[PDB]
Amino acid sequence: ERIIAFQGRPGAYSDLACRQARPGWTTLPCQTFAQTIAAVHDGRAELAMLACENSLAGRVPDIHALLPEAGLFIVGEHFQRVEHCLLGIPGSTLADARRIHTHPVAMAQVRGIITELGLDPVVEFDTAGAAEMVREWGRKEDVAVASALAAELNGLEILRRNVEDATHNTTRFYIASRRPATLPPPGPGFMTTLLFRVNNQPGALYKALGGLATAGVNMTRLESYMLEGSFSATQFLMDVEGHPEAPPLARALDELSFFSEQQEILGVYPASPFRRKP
């Protein structure tokens, strides 16, 4: 209660996401995605911040089976423009830096500053760990690339904010809670995430979508999954604008039901203002 679980360690971007999307809430680090969900299921946390999409690259969990099983429900989403800081020890400076420690992907994103300062790349497991290691070692020669939060929590100094050579990466998250008794009341500005299955024949998916197109309903995400021991059908996770008990989505879903099987609502939640921000 007032606790939000996330996957990773303190100062991870997921941690920052929690503090961005729910300021004042205590964040609960979990090492595994399964533990993150388990925290909410068991009552150790109210919410879970689960990564779902990255514009460039990232590690995201497969929620298609695990989330409905043990009965979570997407009650929100959150967008994060990932901001890389170059972190050093309290008394350090840019000139001291010789070796740079961070995640493989981050290292690619900051190739400019590596060449600029002539640094030696040292790839670590994640960004938060690189921040922790730089603190632990106490060497001014070693710097980290990690979140500004990782600097705060480990008492490191920010040698430079915004080290990305371009905007590069944005991360989208689902915010999941224990399944609520009723859905949010019909209204504008809602999103809906659902599962459905169609057969393995040419226009099977196409048909299922027909009702969405002619009804003017816009899809924001779609992703297919294999079925265990069957190549005869295919399951889909779909994000669509709207609320299932309000037009124009309500009728569109009735049509979808005619051309699909085992439809299931994973979440009905407010669409983030980030979607309409320049």
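Counting begins at 1, following the sequence as shown.
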*asked:* Test of understanding: from the entry's C-alpha B-factors, which stretch has the higher mean, 175 to 183 or 93 to 101?
replied: 93 to 101
*Identify the stretch, either 235 to 243 or 27 to 35, whose C-alpha atoms have the larger mean B-factor according to the entry.*
27 to 35
_Which of 197, 78, 140, 207 ranks first by CA B-factor in the deposited coordinates_ = 140
*Return the residue from 62, 53, 228, 42 that has the highest Cα B-factor in the entry.*
42
*By its CA B factor, does residue 70 count among the lowest, middle or highest third of the modelled residues in the chain?*
highest
*Assigned third (lowest, middle, highest) for the C-alpha B factor of residue 113*: highest
*Compared with the other modelled residues in the chain, in which third is the CA B-factor of residue 128?*
middle
*Can you work out whether the C-alpha temperature factor of residue 163 puts it in the lowest, middle or highest third of the chain?*
highest
*Third of the chain's Cα B-factor distribution that residue 119 belongs to, per the entry*: highest
